[PDB]
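K.L.:
An experimental structure, sequence included, is below.
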Amino acid sequence: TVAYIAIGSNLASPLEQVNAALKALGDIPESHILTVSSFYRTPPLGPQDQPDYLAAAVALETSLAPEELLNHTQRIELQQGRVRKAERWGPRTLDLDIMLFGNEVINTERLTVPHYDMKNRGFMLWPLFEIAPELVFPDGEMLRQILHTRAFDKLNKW
């Protein structure tokens, strides 16, 4: 099954982190990376100028069940990232989110696929479009059409 995973990091120097996470993803059992998008720079929300967020997309071929894949992405988040002291309730330093899992729709307590908000997020859609320009969502909506009609700003490369 082809799973599409979003990677993100709010670290000032995220490349090490992101590259280590990619290594970890490829080593998930019963799985291997097909391709990885370019790394993109996602500007912060807030006038102050937080660190730029690095965003990318990974296509992962896997024979795991979706919840088994989630076990691994959660594990990698725990092993390769952390929550920040300033906001123990806040974001993690390394994000791995399952965006799509084959052509499945999943609505369980633990997992919602497609990612509930991805169609509203240029930083998810643009990297995805780089690696899967012909992608069609389970509901029939074409990735190309969403980007073409909604006109999200392109992201600069990291």
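P.N.:
Yes, it's here. Residues are numbered from 1 along each chain as shown.
K.L.:
can you pull the buried residues of the lengthiest helix in the chain?
P.N.:
Counting by DSSP state H, the longest helix found in the chain is helix 66-80. Within helix 66-80, the residues that count as buried by 16 or more other Cβ atoms under 10 Å are 66, 69, 70, 72, 73, 76, 77, 80. Yep, even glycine has a C-beta here, placed from its N, CA and C like the rest.
K.L.:
Go through those residues and name the one nearest residue 91.
P.N.:
Residue 91 lies nearest to residue 77 out of the buried residues of helix 66-80, by Cβ to Cβ, at 11.0 Å.
K.L.:
what's that closest one in contact with, if anything?
P.N.:
In this structure, residue 77 makes contact with 92, 94, 95, 96, judged by Cβ atoms under 8 Å, 6 or more residues apart in numbering.
K.L.:
Same check on residue 6?
P.N.:
Here residue 6 is in contact with 55-58, 95-97, 99, 115, 118, 124, 127-128 (criterion: Cβ under 8 Å, 6+ apart).
K.L.:
Make JSON lines from those residues and add secondary structure and neighbour count to it.
P.N.:
Shown next, in JSON lines, are those (DSSP: H, G, I helix; E, B strand; the rest coil; neighbours: other Cβ atoms under 10 Å):
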{"residue": "55", "secondary structure": "strand", "neighbour count": "27"}
{"residue": "56", "secondary structure": "strand", "neighbour count": "25"}
{"residue": "57", "secondary structure": "strand", "neighbour count": "25"}
{"residue": "58", "secondary structure": "strand", "neighbour count": "23"}
{"residue": "95", "secondary structure": "strand", "neighbour count": "19"}
{"residue": "96", "secondary structure": "strand", "neighbour count": "23"}
{"residue": "97", "secondary structure": "strand", "neighbour count": "17"}
{"residue": "99", "secondary structure": "strand", "neighbour count": "20"}
{"residue": "115", "secondary structure": "coil", "neighbour count": "18"}
{"residue": "118", "secondary structure": "helix", "neighbour count": "20"}
{"residue": "124", "secondary structure": "helix", "neighbour count": "23"}
{"residue": "127", "secondary structure": "helix", "neighbour count": "26"}
{"residue": "128", "secondary structure": "helix", "neighbour count": "26"}
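K.L.:
Appreciated, that's everything.
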